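Heavy atoms only: backbone and side chains are in, while hydrogens, waters and symmetry mates are out. Just so we're on the same page: letters track the sequence lines, and every chain starts at 1.
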Amino acid sequence: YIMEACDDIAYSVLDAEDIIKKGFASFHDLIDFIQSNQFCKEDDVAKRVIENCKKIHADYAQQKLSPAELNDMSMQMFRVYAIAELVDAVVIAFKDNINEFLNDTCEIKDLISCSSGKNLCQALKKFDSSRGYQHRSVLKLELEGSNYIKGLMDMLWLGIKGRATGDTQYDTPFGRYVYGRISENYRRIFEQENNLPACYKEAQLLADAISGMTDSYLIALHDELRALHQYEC
Amino acid sequence: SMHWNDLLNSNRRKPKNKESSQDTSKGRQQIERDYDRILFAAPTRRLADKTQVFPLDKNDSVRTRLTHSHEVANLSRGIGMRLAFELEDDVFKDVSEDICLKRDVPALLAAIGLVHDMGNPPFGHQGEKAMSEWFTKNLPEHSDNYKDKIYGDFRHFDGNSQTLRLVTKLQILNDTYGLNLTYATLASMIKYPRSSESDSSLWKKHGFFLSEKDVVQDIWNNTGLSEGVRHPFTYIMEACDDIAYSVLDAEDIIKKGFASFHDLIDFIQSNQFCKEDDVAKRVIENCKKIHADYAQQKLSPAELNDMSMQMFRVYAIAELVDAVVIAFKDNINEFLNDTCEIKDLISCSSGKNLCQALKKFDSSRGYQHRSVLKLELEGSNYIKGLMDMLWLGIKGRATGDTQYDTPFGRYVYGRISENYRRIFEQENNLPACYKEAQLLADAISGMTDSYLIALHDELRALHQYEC
Amino acid sequence: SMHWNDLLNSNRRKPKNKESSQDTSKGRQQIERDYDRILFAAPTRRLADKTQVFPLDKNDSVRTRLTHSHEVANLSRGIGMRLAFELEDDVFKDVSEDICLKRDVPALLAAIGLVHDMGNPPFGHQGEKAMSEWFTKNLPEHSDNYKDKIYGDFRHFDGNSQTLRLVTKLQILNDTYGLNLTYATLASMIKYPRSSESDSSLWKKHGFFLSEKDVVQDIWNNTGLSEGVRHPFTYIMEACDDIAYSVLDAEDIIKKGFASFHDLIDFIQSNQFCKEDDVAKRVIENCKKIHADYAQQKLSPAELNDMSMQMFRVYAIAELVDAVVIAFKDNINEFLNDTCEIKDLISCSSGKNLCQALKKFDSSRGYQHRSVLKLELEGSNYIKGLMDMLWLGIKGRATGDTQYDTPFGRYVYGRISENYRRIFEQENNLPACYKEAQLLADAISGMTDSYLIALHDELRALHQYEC
Ligand SMILES: [Mg+2]
Ligand SMILES: [Mg+2]
Ligand SMILES: [Mg+2]
């Protein structure tokens, strides 16, 4: 529960900070979104964060700063205040509900919802979704990554399917090379004799191969095998 | 039969609420505010990126949609000032003193001239054809889904209906009011007062879509017009548009080098109907008289051709505008009748032969040039490819079928402008297939040439996996 | 002291000849004919290819020179209609009945608004700087050839003087009359009524070149103005230009994503002079009132920002126009005095603080953006390279020295427009170095950004052998 609460706090705060840094929004936009949010109008944590942010922003505009620098350090202060408040709320909620967490019949979905920073975290998640996750560039790169992943998965399945069931459509040179390109440990685990169904083993091999790759590695492998798949297509 | 009081109605469709501090009207008339709204609208600025006939990338001072619209607006404003300052007694009779003609008529004519080509599809007139062809292939008439005549709105897509939709309903705010223009302006925007559902011989094309039908009815109820009856100022706007077409397209043809001033002079002189036309004779004589003195000075052939065609433009525009004004003044009673059957104002004027000859010259020399045809084919290919690519993500969104749930389909749907999708997702009485086709038409019509090409290339790059 | 009869002179510099069949005036006033001449001029169409502040290649609906000129013309026309239809008694007194104010004043203001940025060099204001810098390096002040103050016309090159030259002398026909505008229009074009030879503290920049000095004198003799005295309508034109700058540049900044509506609201609220300004307070209150209702509906953040800034533009333009009109009406007697010392109309109005804050916001957010600075540097490099490359073929053509006789120099000279070279080769009293520098300035100023880049690349390719 503590790990999930920390992950959610990091998501909600640092993604908003990255959104402001990338120029998809501004500090004043986030302040207005928090102030006008339905559940954050009366939240004590949100009120304190907004007041502290404005108090620091007045003194911050006193000095001679560029708009980018002002936005950056204003969002740094917002990050500090929000992280402090959310961490304190999460710790208090965990301390208060420690008996329920230690029970064998615990039904709490998440620690944040039981804390006082629930509204602020929800508003930050909504802001991140509306401004950052649904941005045009983000959607375009998501589509590109989906295309890359699906192409690589089809190209690997051309050489993986049938390796355990018994059928031998993988014996093409491209299939053998594709199988050889997979990491050795994954194939060693796949070739082991266990009680898993053959189709399950093949699909698990593909999942392990795909999940272990980075973006650059996945793109490079996809391009290389696309170049090498020209004859069989 | 019709009264100028109803034809010049300054009321707006949106009901009145607003404190005095929010009053932005100032000393401006309502129709002047409509003109200002049209000028400051984003599509007006986007019109600069749309080609009229010839490519705009070359620095040959060709006229785009924005320049043509401004020229038409200027001509309409000049005609309006002539009507309101000199021919007021002959034209405007029994007009209430609450209407300031000197401030409304020129502003109204300029506003309707500026907005006449604001909702047209990109890539020029060919674009419309392409759209129609695409719909004719993708909304089959024999199919039960697209059997009704309403889908003709898309099989015979027209820029005027899309312009009315864009100025009345197609805005960011879905208030069904758009720019909230006055009733007189909206009535003058309707070029053909009929829909595809109705069958008429006076008007070939339809002037509004089914979705705007009720709105059009409201306009009629607030203007005194009816189905098949055209607002009197629409004739003036169409005459100005035709004059601008015939003259400035010829000027652009001469500038681009597809012909010369002497070629145009010979074509006009040898034309069957312009051999005895007084207007054509006067234009030719004035052109030759200026050209003799013009060749007296030391000028390059390009410079001589350019300024000779400038003089030709001046003389032709003056003669055609005078003829159009005279024809409108003479036939004012017929225009105000509820049973007016005049097709266009130019045909009733003395500049009919000159305008027809100029249109024939433009068609033979400019519109059928090899480069123009090649770019028209390229634009048609771009439009059809983009339409197929968007239909991959649009079809089934309203009917119920779920073939659009592919990642490419979702991204394609998300690439469409938010206001178009907001209108499409609204719950109305339109058929689902009609709503989907209207969404596609709105998406395609609102794009410029550069934007359309960029989107087509980007989505073609992103469509590689699913192909 | 000055009379509106002389300030609104409808006569033209070109002496009258012409049969009745050649009369193209029709029912148009002379100033209306001037507006039509300006609109149909080739530089007016070429203005669409020149960037105002931001690049025009992107389809972000940014405003170019043509759009900005049309907006300024519309604002000036609105102010003129307000003056001629409502404030006629307060402003126009002792005006002869032969002058139709309702048809001349709006037309005059629109014409001077449309032509105010017609002769400006490409690549925006930075272009001018680049030109000046180039001249400051290539026309040294210490040198005896370029020691006179007249060459300051090129060391402190201004777009207003080039615009006056282009509308008065720089045409295809070298008749020293150009478009042959009326005396009132020409008088209103002169923004700064002084030259570089004269030293004045009221006006920083010079308003006309040496070559046009006599022409300017003639204008004064036919208008009743004098050196250091500015036409009253020039104040209105400058106020409209400043309002359009301050408001529409901020709108373009918000549209381009360099800032947001809330950022502008906070900047206006926290501004030192806008904390207590009534106009700024009213604008902020109206913006927030509309923004609350606007956020009630379901809108994307981009759409909300866009229409919120549209509302801000509407309110700010209304308030600033009203303030400018009130200031002009109140100080009409001082403007008509021969010893007027008012620097600008906005400073005397109540919208001074709002306009200053908007200008500061535009400078801090838009004009000093990284992309804007990079494109300004690129344009400066292009302009300086083209100027050096042209000077290789221009220098010595009039003084007598023959270093230009290289094939590259001859081709470079031939690439210049024919009318510029025709004017340069004319035998006048201007010094040879002044004529050469004026030829270069006319060649550079008349080019668009795309044309300048294309010519620079082509001549760079053709200059490889001689380098
Ligand atoms: Mg995580
Ligand atoms: Mg047209
Ligand atoms: Mg300007």
Query raised in the report: How close do C/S76 and C/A110 get, heavy atom to heavy atom, and via which atoms?
Result: CB-N, 4.2 Å

Requested in this report: Establish, yes or no, whether a centroid distance under 6.0 Å links the rings of B/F328 and B/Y235.
Outcome: no

Query raised in the report: So, is the end of the B/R313 side chain (NZ or CZ) under 6.0 Å from the ring centre of C/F40 and within 45° of the ring's axis?
Result: no

Requested in this report: Report yes if some heavy atom in the side chain of B/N160 is under 4.5 Å from a heavy atom in the side chain of B/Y192; otherwise report no.
Outcome: yes

Query raised in the report: What orientation do B/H262 and B/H291 show, parallel under 30°, tilted 30 to 60°, or perpendicular over 60°?
Result: perpendicular

**Report entry** Heavy atoms from other residues, nucleotides or ligands near CD of B/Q296 exceed 12 (cutoff 6.0 Å)
**Finding:** yes

Query raised in the report: Are B/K275 and B/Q269 close enough that a side-chain donor and a side-chain acceptor fall under 3.5 Å?
Result: no

Query raised in the report: Taking atom types as modelled, is there a side-chain donor on B/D338 or B/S1 under 3.5 Å from an acceptor on the other?
Result: yes

Report task. Would you kindly say whether B/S308 and B/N305 are connected by a side-chain donor-acceptor distance under 3.5 Å? Result -> no

Query raised in the report: Salt-bridged, C/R28 to B/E86, with N to O below 4.0 Å?
Result: no

Query raised in the report: Going by distance alone, is a donor N or O of one side chain under 3.5 Å from an acceptor N or O of the other, for C/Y183 and C/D6?
Result: no

Query raised in the report: Are B/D60 and B/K256 ion-paired here, with the side-chain N under 4.0 Å from a carboxylate O?
Result: yes

Query - Polar side-chain atom of B/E376 near backbone of B/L373 as donor-acceptor pair, under 3.5 Å - result: no

Report task. With rounding to the nearest 0.5 Å, note down the distance linking CD1 in C/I112 to OG in C/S188. Result -> 4.5 Å

Query raised in the report: With a 3.5 Å cut-off and no angle check, do the side chains of C/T182 and C/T185 form a donor-acceptor pair?
Result: yes

Query raised in the report: Would you say C/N180's side chain and C/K14's backbone share a donor-acceptor pair under 3.5 angstrom?
Result: yes

Requested in this report: Compute both the distance and the angle, then confirm whether C/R77 meets the cation-pi test with C/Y35: under 6.0 Å from the six-membered ring centre, within 45 degrees of the axis.
Outcome: yes

Query raised in the report: Are a donor atom and an acceptor atom from the side chains of C/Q162 and C/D442 found within less than 3.5 Å of each other?
Result: yes

Requested in this report: Scan side-chain atoms only and decide if B/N59 and C/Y451 contain a donor-acceptor pair under the 3.5 Å cut-off.
Outcome: no

Requested in this report: Indicate whether any N or O donor in one side chain lies under 3.5 Å from an N or O acceptor in the other, for B/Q310 and B/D306.
Outcome: yes

Report task. Answer yes or no: is there an ion pair linking C/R421 with C/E418, defined by an N-O contact shorter than 4.0 Å? Result -> yes

**Report entry** Flag, side chain of C/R45 to backbone of B/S61, donor-acceptor distance under 3.5 Å
**Finding:** yes

Query raised in the report: What about B/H68 and B/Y245, are their ring centers closer than 6.0 Å?
Result: yes

Report task. May I ask you to decide if C/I31's main-chain N or O and C/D34's side chain share a donor-acceptor pair within less than 3.5 Å? Result -> no

Query raised in the report: Quick one: do the B/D263 and B/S260 side chains pair a donor with an acceptor below 3.5 Å?
Result: yes

**Report entry** CD1-OH distance between C/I172 and C/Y420, expressed to the nearest 0.5 angstrom
**Finding:** 9.5 Å

**Report entry** B/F335 ring center within less than 6.0 Å of B/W4 ring center
**Finding:** no

Query - More than 12 heavy atoms of other groups within 6.0 Å of C/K26 NZ - result: yes

Requested in this report: Output yes when B/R63 and B/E251 qualify as a salt bridge under the 4.0 Å nitrogen-oxygen rule, no when they do not.
Outcome: yes

Report task. Go through the steps for B/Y315 and B/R282 under the test side-chain contact (heavy atoms from CB on, under 4.5 Å), then give the verdict. Result -> CA-CA 9 Å; B/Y315 293 133; B/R282 287 192 309 247; over 6 Å; no

**Report entry** Main-chain N/O of B/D344 paired to B/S347 side chain as donor or acceptor, under 3.5 Å
**Finding:** no

Requested in this report: Using distance alone, with no hydrogens and no angle criterion, decide if C/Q426 and C/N174 have a side-chain donor and acceptor under 3.5 Å apart.
Outcome: yes

Requested in this report: State, without any angle test, whether C/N5 and C/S96 hold a side-chain donor-acceptor pair at a distance under 3.5 Å.
Outcome: yes

Report task. Determine, step by step, whether C/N221 and C/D218 satisfy the side-chain hydrogen bond (donor to acceptor under 3.5 Å, both in side chains) criterion, reporting the C-alpha distance in whole Å, the side-chain angles of both residues, the deciding distance to 0.1 Å, and the verdict. Result -> CA-CA 5 Å; C/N221 292 357; C/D218 199 8; 5.1 Å; no

Query raised in the report: Is there a donor-acceptor pair closer than 3.5 Å between any side-chain N or O of C/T24 and the backbone N or O of B/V314?
Result: no

Query raised in the report: Going by the angle between their ring planes, with limits at 30° and 60°, are B/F258 and B/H369 parallel, tilted or perpendicular?
Result: parallel

Query - Carboxylate-amine/guanidinium proximity below 4.0 Å for B/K352 and B/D277 - result: no

Report task. Look only at the side chain of C/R37 and the backbone of C/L179, and say whether a donor-acceptor pair between them is shorter than 3.5 Å. Result -> yes

**Report entry** Cation-pi, C/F85 ring and B/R103 (6.0 angstrom, 45 degrees)
**Finding:** yes

Report summary line: On a heavy-atom basis, the closest approach of B/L304 and B/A295 is CD1-N, 4.0 Å

Report task. Report yes or no: does B/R82 contribute a side-chain atom to a donor-acceptor pair with the main-chain N or O of B/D322 at less than 3.5 Å? Result -> no

Query - Within 6.0 angstrom of B/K298 NZ, more than 12 heavy atoms from elsewhere - result: no

Query raised in the report: Any ion pair linking B/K281 and B/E276 (charged N to carboxylate O, less than 4.0 Å)?
Result: yes

Query raised in the report: Between B/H70 (side chain) and B/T67 (backbone), is there a donor-acceptor pair under 3.5 Å?
Result: no

Query raised in the report: Do the side chain of B/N331 and the main chain of B/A327 share a donor and acceptor less than 3.5 angstrom apart?
Result: yes

